[PDB]
Asks: 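Below is the structure I would like to discuss, written out as structure tokens.
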Amino acid sequence: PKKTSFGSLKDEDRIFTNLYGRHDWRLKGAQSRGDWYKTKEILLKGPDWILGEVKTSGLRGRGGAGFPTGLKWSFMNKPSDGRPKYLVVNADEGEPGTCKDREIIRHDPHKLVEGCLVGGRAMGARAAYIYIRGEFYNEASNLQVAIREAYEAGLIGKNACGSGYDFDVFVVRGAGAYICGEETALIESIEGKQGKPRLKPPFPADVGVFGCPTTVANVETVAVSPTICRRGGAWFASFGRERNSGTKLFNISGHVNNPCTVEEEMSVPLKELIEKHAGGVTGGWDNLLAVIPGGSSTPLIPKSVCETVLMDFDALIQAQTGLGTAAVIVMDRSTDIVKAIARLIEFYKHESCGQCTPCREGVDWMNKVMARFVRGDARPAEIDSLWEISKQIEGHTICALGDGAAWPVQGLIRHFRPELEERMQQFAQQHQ
Amino acid sequence: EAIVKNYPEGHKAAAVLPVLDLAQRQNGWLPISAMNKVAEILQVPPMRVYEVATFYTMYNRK
Amino acid sequence: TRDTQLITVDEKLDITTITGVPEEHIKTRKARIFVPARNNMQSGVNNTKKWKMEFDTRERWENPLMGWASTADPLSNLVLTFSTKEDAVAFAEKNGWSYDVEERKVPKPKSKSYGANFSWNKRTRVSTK
Ligand SMILES: Cc1cc2nc3c(=O)[nH]c(=O)nc-3n(C[C@H](O)[C@H](O)[C@H](O)COP(=O)(O)O)c2cc1C
Ligand code: SF4
């Protein structure tokens with residue numbers, strides 16, 4: 001009935017069945033695996049039916065924040081004023097450790113394109129803009145090839161899939177900026193400005209790209225929607241703990257024997273995920289120091305927490321971290337944990353858009369303090385000083401990048417404070 | 001021309017990033033004259049093109 | 001009410017003769033009653049709450065020895081503060097000073113909308129942030 005152990009996902013239940021690119025990624029191969037099947041019927045079912053299926057599946061955002069997708073997409077389910085409506089697909093993929101969206105774009109592009117159509121229909125959108133990071137040039141070209149095939153098969157464009165619905169899919173490339181993954185900064189970049197996030201309100205569903213109603217959705221969130229419609233929300237909701245439903249793409253990187261991308265059920269144990277798919281921690285499980293469970297923006301957790309934690313939104317919130325993008329970064333006991341986190345702060349310092357004070361000045365400040373913590377050139381009173389600084393950034397910035405730079409620092413101080421103080425002790429003795 | 005037609009009329013400024021990137025593919029890098037040419041084609045103030053060129057790290061200004 | 005026997009006096013209150021001010025600095029002076037303008041160099045509004053009374057500026061000249069600014073005007077620094085325009089006028093009248101009143105200038109309420117920065121079809125769309 002209510003299964004209590006999760007994992008062991010079977011291949012028949014996997015959505016991204018060309019994840020590893022061992023089958024044809026073009027239209028013929030995609031149609032052989034079930035893409036673009038009965039898409040006309042799905043569109044004719046209407047926006048309300050599609051949104052109902054998404055709500056029932058319990059799908060949550062796969063971009064890092066995890067808002068319930070069905071409710072989010074329903075903000076667009078409203079009568080049209082004069083303005084057009086748009087779906088923006090977030091393919092920026094910038095979070096360190098996260099490379100799942102790259103695999104979807106280059107190996108299952110037709111899942112994304114069909115997701116744009118189904119999702120766009122549900123929102124009443126006339127077109128989809130797919131924002132892909134500028135470095136993913138070859139992935140963008142693969143996606144552009146797939147879009148052309150869709151136009152030539154009548155699947156998108158005028159009278160899409162013969163449903164009478166007109167839909168366009170545009171691809172817009174970024175130019176090198178992690179902040180452009182932030183949903184409102186992404187919109188500003190499409191409009192030809194610096195990728196600086198907007199304050200909210202207004203929300204994009206009211207005022208978005210070109211000032212029009214807009215929904216920004218992650219590549220993975222969009223790409224699963226046609227399958228959720230074909231196989232039903234109930235089927236998707238049968239995976240994972242309640243309110244943590246579905247399958248999930250996981251990146252396992254760092255100190256593991258076989259770093260890899262894999263699709264696994266939600267709520268799978270973290271330890272099982274590393275051991276079954278990634279070939280275990282380098283040097284064995286007893287060589288594990290810490291894990292960053294959801295990309296650079298999620299607080300690290302120490303080995304003791306990693307023994308029993310489940311990989312889903314609620315489980316990781318209990319561990320004082322978060323699922324994030326589900327990019328698992330493994331660090332074994334040879335890692336210089338202070339230097340590892342100090343490098344992430346240096347990443348956020350280089351990615352801050354500079355718009356708002358607490359992040360423009362605060363993240364740069366935290367970077368300088370962390371650089372001295374790596375060498376030990378500090379005193380223990382500065383640890384609690386660093387903690388308070390991170391709390392002055394968190395919750396005071398325009399966008400969540402400021403939060404994402406404060407959380408890794410807090411995780412380091414929370415779980416490895418003696419390591420910091422030990423290093424300060426070494427530096428004082430050696431210099432004195 | 002095809003880049004500019006991907007956006008609503010009255011919002012040509014949306015084409016600054018892809019057109020600026022095209023100038024760099026033809027030329028290898030972006031001299032100040034290339035930034036001015038892009039601003040002229042899209043009819044946006046040149047300063048709004050300098051901001052984009054210096055914000056995004058893939059543009060080569062040397 | 002009172003046990004003190006009051007009298008009736010319908011005269012306009014005038015205290016010029018009992019203030020000790022020289023004749024020159026009653027009749028030839030012009031008092032200005034105003035609410036100070038906000039110093040445009042700052043956004044704080046706390047110096048625009050009260051009414052002020054000041055007097056007409058008079059000659060300042062350079063001291064032959066040092067070049068300091070000399071004055072013969074005893075009222076050159078006198079600035080009085082009042083809660084209301086009516087209090088300021090009452091004070092000026094009973095002291096016999098001619099005066100001008102300048103009405104307070106309250107900034108008018110503005111319509112501010114962050115969303116207007118991103119208009120689909122209006123000129124309020126900003127080209128930069
Ligand atoms: C600094 C920053 C970077 C982000 N990068 C991405 C990204 O690369 N891809 C993504 O889908 N969401 C990213 N997000 C989250 C988006 O703002 C937004 O929550 C997401 O696109 C919503 O889609 P979803 O509900 O389907 O997850 C980022 C957020 C921040 C603050
Ligand atoms: S938090 Fe940082 S990245 Fe986000 S708007 Fe403020 S300065 Fe820009």
Side-chain angles (χ1 to χ4, degrees), chain A residues 1-19 33-39 41-42 45-74 100 103-104 108 111-112 114-115 118-119 122 217-251 261-277 293-294 308-318 322-326 328:
Chain A
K2 291 169 65 60
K3 33 185 272 190
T4 286
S5 177
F6 310 92
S8 301
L9 184 69
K10 307 193 295 299
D11 281 353
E12 65 185 275
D13 284 320
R14 283 193 167 83
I15 295 173
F16 302 98
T17 47
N18 199 33
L19 184 64
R33 300 187 292 276
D35 287 351
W36 296 107
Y37 178 77
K38 283 185 152 41
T39 309
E41 289 72 18
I42 291 165
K45 281 278 187 173
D48 281 80
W49 182 89
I50 296 167
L51 291 169
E53 294 300 307
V54 175
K55 287 187 194 190
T56 289
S57 70
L59 179 65
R60 297 172 68 165
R62 305 312 206 213
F67 301 165
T69 304
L71 283 132
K72 169 176 161 176
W73 291 8
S74 291
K100 66 193 177 63
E103 303 313 301
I104 299 168
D108 278 305
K111 301 193 82 70
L112 184 57
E114 189 189 5
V118 172
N218 173 254
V219 157
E220 193 191 323
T221 314
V222 179
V224 300
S225 62
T227 304
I228 288 171
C229 290
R230 264 189 287 278
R231 309 184 65 169
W235 164 84
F236 192 82
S238 82
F239 297 101
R241 298 192 312 166
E242 171 62 347
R243 294 178 306 274
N244 295 276
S245 318
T247 60
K248 184 75 186 65
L249 285 166
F250 297 88
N251 308 115
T261 309
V262 67
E263 186 177 355
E264 188 56 63
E265 183 179 7
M266 284 278 291
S267 302
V268 58
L270 165 60
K271 176 177 181 183
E272 184 176 302
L273 178 80
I274 288 165
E275 302 262 23
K276 182 181 286 172
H277 296 294
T308 64
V309 78
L310 304 189
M311 294 292 291
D312 61 84
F313 303 97
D314 295 334
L316 289 170
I317 290 165
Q318 277 288 322
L323 187 56
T325 62
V328 183

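Naming convention: chains lettered A, B, ... in sequence-line order (proteins, then strands); numbering from 1 in each chain.
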Asks: Once rounded to the nearest 0.5 Å, what's the spacing between atom OG1 of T247(A) and atom CG of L9(A)?
Replies: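 Here the interatomic distance stands at 6.0 Å.
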Asks: State, with a plain yes or no, whether a side-chain heavy atom of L273(A) is found less than 4.5 Å away from one of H277(A).
Replies: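 Answer yes - side chains close enough.
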Asks: With sequence neighbours excluded, tell me which residues meet side chain to side chain contact (heavy atoms under 4.5 Å, CB included) with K276(A).
Replies: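 Testing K276(A) for side chain to side chain contact (heavy atoms under 4.5 Å, CB included), a comparison that skips the adjacent residues, returns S8(A), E272(A).
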Asks: Measure the spacing between OG of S267(A) and CZ of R243(A) and express it to the nearest 0.5 Å.
Replies: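 Here the interatomic distance stands at 10.5 Å.
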Asks: Identify the heavy atoms of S245(A) and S57(A) that sit nearest to each other, and give their distance.
Replies: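 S245(A) and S57(A) have their closest heavy atoms at CB-O, 3.3 Å.
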Asks: Kindly give the heavy-atom pair with the smallest separation between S74(A) and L51(A), and that separation in Å.
Replies: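 It is OG-CD1, 3.8 Å.
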Asks: Could I get the full list of side-chain hydrogen bond (donor to acceptor under 3.5 Å, both in side chains) partners for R14(A), not counting sequence neighbours?
Replies: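 Partners of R14(A) by the side-chain hydrogen bond (donor to acceptor under 3.5 Å, both in side chains) criterion, ordered by chain and then number, come out as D11(A).
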Asks: Drop me the distance from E242(A)'s CD to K2(A)'s NZ, to the nearest 0.5 angstrom.
Replies: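 With rounding to 0.5 Å, CD (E242(A)) is 6.5 Å from NZ (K2(A)).
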Asks: Does the side chain of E53(A) reach to within under 4.5 Å of the side chain of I42(A), using non-hydrogen atoms?
Replies: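 They are not in contact (no side-chain heavy atoms under 4.5 Å apart), so the answer is no.
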Asks: With rounding to the nearest 0.5 angstrom, report the CG to CD distance, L112(A) to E220(A).
Replies: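 Between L112(A) CG and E220(A) CD, I get 11.5 Å after rounding to 0.5 Å.
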Asks: Taking only residues two or more places apart in sequence or in another chain, which ones pass side-chain hydrogen bond (donor to acceptor under 3.5 Å, both in side chains) with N251(A)?
Replies: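 So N251(A) forms a side-chain hydrogen bond (donor to acceptor under 3.5 Å, both in side chains) with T261(A).
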Asks: Would you name the heavy atoms of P47(A) and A122(A) that are closest together and state the gap between them?
Replies: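 That would be CB-O, 3.5 Å.
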Asks: Sequence neighbours left out, what passes side-chain hydrogen bond (donor to acceptor under 3.5 Å, both in side chains) with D314(A)? Give chain and number order.
Replies: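 Testing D314(A) for side-chain hydrogen bond (donor to acceptor under 3.5 Å, both in side chains), a comparison that skips the adjacent residues, returns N244(A).
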Asks: Quick one, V54(A) and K72(A) - any side-chain contact, counting heavy atoms below 4.5 Å?
Replies: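 Result no, sub-4.5 Å side-chain heavy-atom pair not found.
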Asks: Which residues pass the side-chain hydrogen bond (donor to acceptor under 3.5 Å, both in side chains) test with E265(A), sequence neighbours left out?
Replies: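 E265(A) satisfies side-chain hydrogen bond (donor to acceptor under 3.5 Å, both in side chains) with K3(A) only.
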Asks: Is there a side-chain contact between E103(A) and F16(A) (heavy atoms, below 4.5 Å)?
Replies: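 With C-beta onward as the side chain, the pair stays apart.
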Asks: Tell me, please, which residues at least two apart from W235(A) pass ring-ring contact (aromatic ring centres under 6.0 Å, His included).
Replies: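 Partners of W235(A) under the ring-ring contact (aromatic ring centres under 6.0 Å, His included) test: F239(A).
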Asks: Could you pull out the closest heavy-atom pair between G66(A) and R60(A), with the gap in Å?
Replies: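 Result for this residue pair: O-NE, 2.9 Å.
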Asks: Among all residues two or more places apart in sequence or in another chain, which pass the salt bridge (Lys or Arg N to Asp or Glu O under 4.0 Å) test with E263(A)?
Replies: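 Checked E263(A) against salt bridge (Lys or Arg N to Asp or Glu O under 4.0 Å); zero matches.
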Asks: Counting only pairs under 3.5 Å, give me each side-chain donor-acceptor contact of residues 221-231 of chain A, with atom names and distances, residues two or more places apart or in other chains.
Replies:
unit_1: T221(A); atom_1: OG1; unit_2: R62(A); atom_2: N; d: 3.0
unit_1: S225(A); atom_1: OG; unit_2: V222(A); atom_2: O; d: 2.7
unit_1: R230(A); atom_1: NH1; unit_2: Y37(A); atom_2: O; d: 3.0
unit_1: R230(A); atom_1: NH1; unit_2: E114(A); atom_2: OE2; d: 2.7
unit_1: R230(A); atom_1: NH2; unit_2: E114(A); atom_2: OE1; d: 3.1
unit_1: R230(A); atom_1: NH2; unit_2: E114(A); atom_2: OE2; d: 3.4
unit_1: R231(A); atom_1: NH1; unit_2: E12(A); atom_2: O; d: 3.1

Asks: If you round to the nearest 0.5 Å, how far is CZ of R241(A) from CE of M266(A)?
Replies: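 Here the interatomic distance stands at 9.0 Å.
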Asks: Run through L316(A), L310(A), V309(A) and flag the one making a side-chain contact (heavy atoms from CB on, under 4.5 Å) with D312(A).
Replies: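 Between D312(A) and the candidates, side-chain contact (heavy atoms from CB on, under 4.5 Å) is satisfied uniquely by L310(A).
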Asks: Rounded to the nearest 0.5 Å, how far apart are CG of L59(A) and CG of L71(A)?
Replies: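 That separation rounds to 11.5 Å.
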Asks: Any pair with a residue in residues 49-73 of chain A that passes ring-ring contact (aromatic ring centres under 6.0 Å, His included), sequence neighbours left out, goes on the list, sorted by first then second residue, please.
Replies: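 Sorted pair list comes back empty.
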Asks: Quick one: list whatever passes salt bridge (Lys or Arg N to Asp or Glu O under 4.0 Å) with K10(A), sequence neighbours left out.
Replies: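 Result, salt bridge (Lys or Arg N to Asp or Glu O under 4.0 Å) vs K10(A): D13(A).
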